[PDB]
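Okay, target_36.cif is below, mmCIF, C-alpha atoms:
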```cif
data_data
loop_
_atom_site.group_PDB
_atom_site.id
_atom_site.type_symbol
_atom_site.label_atom_id
_atom_site.label_comp_id
_atom_site.auth_asym_id
_atom_site.auth_seq_id
_atom_site.Cartn_x
_atom_site.Cartn_y
_atom_site.Cartn_z
ATOM 1 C CA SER A 202 -2.756 123.383 102.067
ATOM 2 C CA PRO A 203 -6.016 125.101 103.233
ATOM 3 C CA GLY A 204 -6.644 128.747 102.166
ATOM 4 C CA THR A 205 -8.776 131.386 100.322
ATOM 5 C CA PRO A 206 -11.819 130.500 98.107
ATOM 6 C CA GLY A 207 -11.328 130.043 94.312
ATOM 7 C CA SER A 208 -7.989 129.911 92.375
ATOM 8 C CA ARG A 209 -4.722 129.698 94.444
ATOM 9 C CA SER A 210 -1.098 130.323 93.250
ATOM 10 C CA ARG A 211 0.771 127.441 91.547
ATOM 11 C CA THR A 212 4.322 127.342 93.012
ATOM 12 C CA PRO A 213 7.165 124.766 92.415
ATOM 13 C CA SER A 214 10.372 125.122 94.564
ATOM 14 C CA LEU A 215 12.631 122.019 93.905
ATOM 15 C CA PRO A 216 16.230 123.441 94.249
ATOM 16 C CA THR A 217 18.464 122.373 91.267
ATOM 17 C CA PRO A 218 22.016 122.306 92.773
ATOM 18 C CA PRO A 219 23.472 119.009 94.068
ATOM 19 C CA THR A 220 23.621 118.626 97.870
ATOM 20 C CA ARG A 221 26.579 117.471 99.934
ATOM 21 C CA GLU A 222 27.909 114.434 97.986
ATOM 22 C CA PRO A 223 30.709 111.769 98.436
ATOM 23 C CA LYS A 224 33.466 113.881 96.677
ATOM 24 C CA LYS A 225 36.086 114.354 99.447
ATOM 25 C CA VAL A 226 38.600 114.868 96.537
ATOM 26 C CA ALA A 227 41.774 115.704 98.569
ATOM 27 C CA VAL A 228 43.537 112.323 99.187
ATOM 28 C CA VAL A 229 47.257 111.401 98.765
ATOM 29 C CA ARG A 230 47.639 109.509 95.436
ATOM 30 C CA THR A 231 51.194 109.489 93.941
ATOM 31 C CA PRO A 232 54.259 110.073 96.166
ATOM 32 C CA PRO A 233 57.508 110.295 94.062
ATOM 33 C CA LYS A 234 59.099 106.793 93.522
ATOM 34 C CA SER A 235 61.604 106.591 96.391
ATOM 35 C CA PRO A 236 63.789 103.549 97.423
ATOM 36 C CA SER A 237 66.081 103.536 100.504
ATOM 37 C CA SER A 238 69.453 101.684 100.282
ATOM 38 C CA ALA A 239 71.809 100.549 103.020
ATOM 39 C CA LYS A 240 75.253 100.288 101.308
ATOM 40 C CA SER A 241 78.598 98.608 102.067
ATOM 41 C CA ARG A 242 82.294 98.579 101.046
ATOM 42 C CA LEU A 243 85.350 96.382 101.865
ATOM 43 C CA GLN A 244 89.014 97.511 101.309
ATOM 44 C CA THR A 245 90.970 95.067 99.085
ATOM 45 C CA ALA A 246 94.649 96.082 98.564
ATOM 46 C CA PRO A 247 97.536 93.600 97.920
ATOM 47 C CA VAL A 248 98.209 91.684 101.222
ATOM 48 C CA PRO A 249 101.333 89.407 100.811
ATOM 49 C CA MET A 250 103.867 88.424 103.553
ATOM 50 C CA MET B 302 131.518 109.396 93.106
ATOM 51 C CA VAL B 303 129.027 107.005 94.822
ATOM 52 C CA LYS B 304 126.948 108.006 97.917
ATOM 53 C CA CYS B 305 128.405 105.510 100.342
ATOM 54 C CA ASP B 306 130.855 106.038 103.275
ATOM 55 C CA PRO B 307 134.049 103.981 102.667
ATOM 56 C CA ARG B 308 134.953 104.142 106.404
ATOM 57 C CA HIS B 309 131.735 102.229 107.054
ATOM 58 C CA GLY B 310 132.610 99.679 104.347
ATOM 59 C CA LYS B 311 135.883 97.790 104.002
ATOM 60 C CA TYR B 312 138.299 98.147 101.065
ATOM 61 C CA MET B 313 138.668 94.967 98.914
ATOM 62 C CA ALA B 314 140.624 95.876 95.743
ATOM 63 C CA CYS B 315 141.995 99.087 94.115
ATOM 64 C CA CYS B 316 143.312 99.900 90.623
ATOM 65 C CA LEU B 317 145.091 103.312 90.444
ATOM 66 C CA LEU B 318 145.739 104.880 87.015
ATOM 67 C CA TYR B 319 148.220 107.785 86.779
ATOM 68 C CA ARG B 320 148.506 110.393 83.958
ATOM 69 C CA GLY B 321 151.054 113.058 82.946
ATOM 70 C CA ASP B 322 154.210 114.192 84.830
ATOM 71 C CA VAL B 323 154.409 111.146 87.186
ATOM 72 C CA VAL B 324 157.344 109.416 88.974
ATOM 73 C CA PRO B 325 157.111 105.603 89.749
ATOM 74 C CA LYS B 326 158.945 106.093 93.131
ATOM 75 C CA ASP B 327 156.405 108.815 94.096
ATOM 76 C CA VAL B 328 153.464 106.512 93.080
ATOM 77 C CA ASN B 329 155.113 103.779 95.213
ATOM 78 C CA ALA B 330 155.516 106.266 98.132
ATOM 79 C CA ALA B 331 151.878 107.481 97.782
ATOM 80 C CA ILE B 332 150.480 103.876 97.866
ATOM 81 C CA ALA B 333 152.890 102.916 100.722
ATOM 82 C CA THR B 334 151.499 105.924 102.616
ATOM 83 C CA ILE B 335 147.905 104.617 102.250
ATOM 84 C CA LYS B 336 148.965 101.081 103.364
ATOM 85 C CA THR B 337 150.628 102.513 106.499
ATOM 86 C CA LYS B 338 147.466 104.532 107.215
ATOM 87 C CA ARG B 339 145.754 101.230 107.972
ATOM 88 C CA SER B 340 142.626 102.979 109.248
ATOM 89 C CA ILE B 341 141.875 102.648 105.498
ATOM 90 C CA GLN B 342 141.246 99.011 106.243
ATOM 91 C CA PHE B 343 141.587 96.605 103.363
ATOM 92 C CA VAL B 344 140.528 92.929 103.760
ATOM 93 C CA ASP B 345 143.010 90.807 105.568
ATOM 94 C CA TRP B 346 142.493 87.989 102.984
ATOM 95 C CA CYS B 347 144.229 90.143 100.312
ATOM 96 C CA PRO B 348 147.270 92.128 101.525
ATOM 97 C CA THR B 349 148.548 92.710 97.969
ATOM 98 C CA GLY B 350 145.478 94.998 97.485
ATOM 99 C CA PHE B 351 146.710 97.415 94.735
ATOM 100 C CA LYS B 352 147.090 97.414 90.940
ATOM 101 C CA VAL B 353 148.922 100.365 89.289
ATOM 102 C CA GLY B 354 149.063 101.881 85.762
ATOM 103 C CA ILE B 355 151.104 104.937 84.537
ATOM 104 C CA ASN B 356 150.667 106.869 81.219
ATOM 105 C CA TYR B 357 152.632 109.909 79.896
ATOM 106 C CA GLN B 358 149.663 111.909 78.424
ATOM 107 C CA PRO B 359 148.085 114.446 80.927
ATOM 108 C CA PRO B 360 144.262 115.031 80.892
ATOM 109 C CA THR B 361 142.757 117.620 78.478
ATOM 110 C CA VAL B 362 139.649 119.609 79.537
ATOM 111 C CA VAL B 363 137.120 120.273 76.793
ATOM 112 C CA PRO B 364 136.633 123.999 76.272
ATOM 113 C CA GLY B 365 133.659 125.532 78.068
ATOM 114 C CA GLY B 366 134.591 123.347 81.166
ATOM 115 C CA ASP B 367 135.194 124.013 84.855
ATOM 116 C CA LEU B 368 137.828 121.384 85.824
ATOM 117 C CA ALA B 369 141.261 122.958 86.528
ATOM 118 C CA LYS B 370 144.138 121.946 84.275
ATOM 119 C CA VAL B 371 146.979 119.906 85.789
ATOM 120 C CA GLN B 372 150.407 118.545 84.775
ATOM 121 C CA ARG B 373 149.449 115.155 86.403
ATOM 122 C CA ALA B 374 146.247 113.323 87.529
ATOM 123 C CA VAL B 375 144.861 110.110 89.160
ATOM 124 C CA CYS B 376 141.861 107.837 88.397
ATOM 125 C CA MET B 377 140.694 104.933 90.619
ATOM 126 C CA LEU B 378 138.367 101.921 90.514
ATOM 127 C CA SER B 379 137.679 100.502 94.031
ATOM 128 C CA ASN B 380 135.884 97.353 95.248
ATOM 129 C CA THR B 381 134.595 97.705 98.862
ATOM 130 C CA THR B 382 131.649 96.365 100.957
ATOM 131 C CA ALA B 383 130.233 99.923 101.118
ATOM 132 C CA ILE B 384 128.740 99.851 97.586
ATOM 133 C CA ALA B 385 127.101 96.430 98.349
ATOM 134 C CA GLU B 386 125.632 98.192 101.367
ATOM 135 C CA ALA B 387 124.257 100.784 98.889
ATOM 136 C CA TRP B 388 122.746 97.924 96.892
ATOM 137 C CA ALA B 389 121.158 96.597 100.098
ATOM 138 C CA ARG B 390 119.171 99.864 100.113
ATOM 139 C CA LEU B 391 118.035 99.731 96.501
ATOM 140 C CA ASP B 392 116.821 96.168 97.306
ATOM 141 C CA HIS B 393 114.811 97.371 100.341
ATOM 142 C CA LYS B 394 113.081 99.994 98.072
ATOM 143 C CA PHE B 395 112.284 97.207 95.541
ATOM 144 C CA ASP B 396 110.964 95.181 98.500
ATOM 145 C CA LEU B 397 108.602 98.030 99.589
ATOM 146 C CA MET B 398 106.973 98.461 96.113
ATOM 147 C CA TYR B 399 106.748 94.629 95.778
ATOM 148 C CA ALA B 400 105.301 94.269 99.387
ATOM 149 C CA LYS B 401 102.253 96.183 98.013
ATOM 150 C CA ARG B 402 102.738 94.777 94.416
ATOM 151 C CA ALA B 403 102.824 98.396 93.076
ATOM 152 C CA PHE B 404 103.403 98.882 89.298
ATOM 153 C CA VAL B 405 103.816 95.146 88.564
ATOM 154 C CA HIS B 406 101.071 95.214 85.869
ATOM 155 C CA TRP B 407 103.197 97.541 83.637
ATOM 156 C CA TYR B 408 105.676 94.570 83.504
ATOM 157 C CA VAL B 409 103.334 91.572 83.681
ATOM 158 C CA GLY B 410 101.577 93.364 80.816
ATOM 159 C CA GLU B 411 104.623 92.691 78.572
ATOM 160 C CA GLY B 412 104.465 88.950 79.213
ATOM 161 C CA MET B 413 106.770 88.668 82.195
ATOM 162 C CA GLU B 414 105.911 86.618 85.306
ATOM 163 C CA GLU B 415 105.374 88.117 88.790
ATOM 164 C CA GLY B 416 107.567 85.084 89.774
ATOM 165 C CA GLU B 417 110.466 86.989 88.199
ATOM 166 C CA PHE B 418 110.386 89.683 90.854
ATOM 167 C CA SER B 419 110.420 87.108 93.665
ATOM 168 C CA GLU B 420 113.364 85.284 91.971
ATOM 169 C CA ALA B 421 115.225 88.595 91.606
ATOM 170 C CA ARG B 422 114.656 89.675 95.246
ATOM 171 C CA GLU B 423 115.998 86.338 96.494
ATOM 172 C CA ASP B 424 119.046 86.443 94.134
ATOM 173 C CA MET B 425 119.850 89.946 95.474
ATOM 174 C CA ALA B 426 119.394 88.873 99.134
ATOM 175 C CA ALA B 427 121.802 85.972 98.411
ATOM 176 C CA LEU B 428 124.315 88.578 97.013
ATOM 177 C CA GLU B 429 124.117 90.767 100.148
ATOM 178 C CA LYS B 430 125.009 87.742 102.286
ATOM 179 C CA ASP B 431 127.773 86.800 99.761
ATOM 180 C CA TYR B 432 129.308 90.231 100.483
ATOM 181 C CA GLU B 433 128.628 89.710 104.267
ATOM 182 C CA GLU B 434 130.801 86.522 104.162
ATOM 183 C CA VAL B 435 133.767 88.518 102.692
ATOM 184 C CA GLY B 436 133.148 91.533 104.956
ATOM 185 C CA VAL B 437 133.854 88.786 107.609
ATOM 186 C CA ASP B 438 137.605 88.660 106.775
ATOM 187 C CA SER B 439 138.525 86.877 110.055
ATOM 188 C CA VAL B 440 141.150 89.521 110.752
ATOM 189 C CA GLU B 441 143.005 89.299 114.088
ATOM 190 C CA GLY B 442 142.631 91.895 116.921
ATOM 191 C CA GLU B 443 144.907 94.388 118.686
ATOM 192 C CA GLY B 444 144.340 94.740 122.434
ATOM 193 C CA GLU B 445 141.747 95.210 125.276
ATOM 194 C CA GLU B 446 140.562 98.606 126.563
ATOM 195 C CA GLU B 447 141.297 97.678 130.231
ATOM 196 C CA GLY B 448 144.057 96.058 132.299
ATOM 197 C CA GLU B 449 144.051 93.357 134.990
ATOM 198 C CA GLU B 450 144.572 92.625 138.815
ATOM 199 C CA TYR B 451 146.912 90.194 140.686
#
```

Encoded form using structure tokens:
Amino acid sequence: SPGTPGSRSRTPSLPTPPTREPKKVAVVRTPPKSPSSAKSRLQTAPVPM
Amino acid sequence: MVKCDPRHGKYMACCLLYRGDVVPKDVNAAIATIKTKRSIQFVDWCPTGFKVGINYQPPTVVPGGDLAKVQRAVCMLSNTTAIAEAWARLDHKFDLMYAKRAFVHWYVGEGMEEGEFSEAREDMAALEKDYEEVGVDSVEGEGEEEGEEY
């Protein structure tokens, strides 16, 4: 950069902290283990004549 | 002393036992009075329908009882279709438990057959019809309710 004659100030400015990055983090992972069941029954008493 | 109506049944045989201060002519008159009150229908296939016994010792009531004391008393055993009609009830309560085979495992569990219950039902049903045949005494009739024209 152009400027004043003789010695000029010696300045670094690279910011240390990480930028935006791929860590979305909040995703569904483990629902509780859950099976549905249709169920059935059939009445079975003595049935003579 | 059985929960059956004798007027609904038909008398078949009687044994009358008499105790105490008893007269044979008065026993005869008492039984003759029943036979003339023929609404107490006995079977027509057995007109000689009475047996009699007479003993001199009157009944004793055991202390702490409730029975009145008496100089004379009467005991009877009677055969009649009414008590088979009481059996026909006891068989139709067996039939209802067996029609759903209720309780039969407490008896098959002892090493009976279920076949025994079916045998027993049928033997009993044969007995009710044995009594129906003798309820059918083929007794003759009396009259009609109405008269005629000419």

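Applied to the shown file, the PyMOL selection byres ((chain B) within 9 of (chain A)) selects the residues residues 400, 401, 402 and 403 of chain B.
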
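When CA of residue 302 in chain B is paired with CA of residue 390 in chain B, their separation reads 17.1 Å.
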
Quiz prompt | Atomic separation - CA of residue 317 in chain B relative to CA of residue 377 in chain B, Å | solution = 4.7 Å

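Between residue 439 in chain B and the residues B:346, B:417, B:324, B:423, the shortest atom-to-atom distance, using all atoms listed in the file, involves B:346.
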
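Put simply, CA of residue 310 in chain B is 27.7 Å away from CA of residue 399 in chain B.
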
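With distances taken over all atoms listed in the file, B:353 is the one residue among B:313, B:371, B:353, B:303 lying closest to residue 331 in chain B.
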
Practice problem: Kindly resolve the PyMOL selection byres ((chain B and resi 344) around 7) on the present coordinates and return the residues as an NGL selection string. | Solution: :B and (311-313 or 342-343 or 345-347 or 438)

Practice problem: Measuring atom to atom with only C-alpha atoms, identify which of B:339, B:430, B:373, B:406 is nearest to residue 389 in chain B. | Solution: B:430

Completion of range 230-250 of chain A up to N, CA, C and O atoms, as an mmCIF file, keeping the file's coordinate frame:
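The resulting file, selection-v9.cif, is shown below:
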```cif
data_model
loop_
_atom_site.group_PDB
_atom_site.id
_atom_site.type_symbol
_atom_site.label_atom_id
_atom_site.label_comp_id
_atom_site.auth_asym_id
_atom_site.auth_seq_id
_atom_site.Cartn_x
_atom_site.Cartn_y
_atom_site.Cartn_z
ATOM 1 N N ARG A 230 47.770 110.429 96.577
ATOM 2 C CA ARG A 230 47.639 109.509 95.436
ATOM 3 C C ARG A 230 48.981 108.986 94.930
ATOM 4 O O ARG A 230 49.188 107.776 94.938
ATOM 5 N N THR A 231 49.892 109.879 94.522
ATOM 6 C CA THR A 231 51.194 109.489 93.941
ATOM 7 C C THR A 231 52.388 110.245 94.558
ATOM 8 O O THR A 231 52.902 111.208 93.990
ATOM 9 N N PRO A 232 52.897 109.786 95.715
ATOM 10 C CA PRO A 232 54.259 110.073 96.166
ATOM 11 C C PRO A 232 55.316 109.798 95.074
ATOM 12 O O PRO A 232 55.140 108.870 94.277
ATOM 13 N N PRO A 233 56.430 110.555 95.017
ATOM 14 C CA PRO A 233 57.508 110.295 94.062
ATOM 15 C C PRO A 233 58.191 108.949 94.381
ATOM 16 O O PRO A 233 58.376 108.607 95.554
ATOM 17 N N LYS A 234 58.564 108.165 93.359
ATOM 18 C CA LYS A 234 59.099 106.793 93.522
ATOM 19 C C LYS A 234 60.465 106.804 94.214
ATOM 20 O O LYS A 234 61.463 107.224 93.636
ATOM 21 N N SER A 235 60.506 106.325 95.455
ATOM 22 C CA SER A 235 61.604 106.591 96.391
ATOM 23 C C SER A 235 62.064 105.307 97.102
ATOM 24 O O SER A 235 61.354 104.838 97.994
ATOM 25 N N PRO A 236 63.213 104.706 96.735
ATOM 26 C CA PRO A 236 63.789 103.549 97.423
ATOM 27 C C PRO A 236 64.932 103.959 98.371
ATOM 28 O O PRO A 236 65.878 104.633 97.959
ATOM 29 N N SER A 237 64.893 103.507 99.628
ATOM 30 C CA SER A 237 66.081 103.536 100.504
ATOM 31 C C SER A 237 67.095 102.449 100.116
ATOM 32 O O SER A 237 66.715 101.384 99.621
ATOM 33 N N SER A 238 68.376 102.674 100.431
ATOM 34 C CA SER A 238 69.453 101.684 100.282
ATOM 35 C C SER A 238 70.482 101.826 101.408
ATOM 36 O O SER A 238 71.214 102.817 101.467
ATOM 37 N N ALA A 239 70.585 100.809 102.266
ATOM 38 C CA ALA A 239 71.809 100.549 103.020
ATOM 39 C C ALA A 239 72.894 100.090 102.034
ATOM 40 O O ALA A 239 72.607 99.349 101.088
ATOM 41 N N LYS A 240 74.135 100.532 102.232
ATOM 42 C CA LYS A 240 75.253 100.288 101.308
ATOM 43 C C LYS A 240 76.501 99.879 102.081
ATOM 44 O O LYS A 240 76.627 100.186 103.269
ATOM 45 N N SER A 241 77.420 99.184 101.420
ATOM 46 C CA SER A 241 78.598 98.608 102.067
ATOM 47 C C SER A 241 79.795 98.541 101.122
ATOM 48 O O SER A 241 79.649 98.506 99.896
ATOM 49 N N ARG A 242 80.989 98.548 101.712
ATOM 50 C CA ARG A 242 82.294 98.579 101.046
ATOM 51 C C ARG A 242 83.323 97.814 101.883
ATOM 52 O O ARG A 242 83.188 97.743 103.105
ATOM 53 N N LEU A 243 84.360 97.272 101.237
ATOM 54 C CA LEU A 243 85.350 96.382 101.865
ATOM 55 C C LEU A 243 86.723 96.572 101.183
ATOM 56 O O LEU A 243 86.874 96.251 100.002
ATOM 57 N N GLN A 244 87.716 97.124 101.892
ATOM 58 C CA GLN A 244 89.014 97.511 101.309
ATOM 59 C C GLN A 244 89.869 96.279 100.965
ATOM 60 O O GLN A 244 89.997 95.355 101.767
ATOM 61 N N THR A 245 90.432 96.262 99.755
ATOM 62 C CA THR A 245 90.970 95.067 99.085
ATOM 63 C C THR A 245 92.271 95.425 98.341
ATOM 64 O O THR A 245 92.344 95.391 97.112
ATOM 65 N N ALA A 246 93.296 95.852 99.088
ATOM 66 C CA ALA A 246 94.649 96.082 98.564
ATOM 67 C C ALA A 246 95.436 94.752 98.464
ATOM 68 O O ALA A 246 95.018 93.749 99.050
ATOM 69 N N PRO A 247 96.599 94.713 97.787
ATOM 70 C CA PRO A 247 97.536 93.600 97.920
ATOM 71 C C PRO A 247 97.971 93.386 99.384
ATOM 72 O O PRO A 247 98.346 94.333 100.084
ATOM 73 N N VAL A 248 97.927 92.130 99.837
ATOM 74 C CA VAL A 248 98.209 91.684 101.222
ATOM 75 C C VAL A 248 99.107 90.424 101.270
ATOM 76 O O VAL A 248 98.694 89.381 101.783
ATOM 77 N N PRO A 249 100.342 90.483 100.726
ATOM 78 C CA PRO A 249 101.333 89.407 100.811
ATOM 79 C C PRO A 249 101.988 89.369 102.209
ATOM 80 O O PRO A 249 101.637 90.140 103.103
ATOM 81 N N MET A 250 102.987 88.501 102.380
ATOM 82 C CA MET A 250 103.867 88.424 103.553
ATOM 83 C C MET A 250 105.314 88.827 103.183
ATOM 84 O O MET A 250 106.022 88.032 102.560
#
```
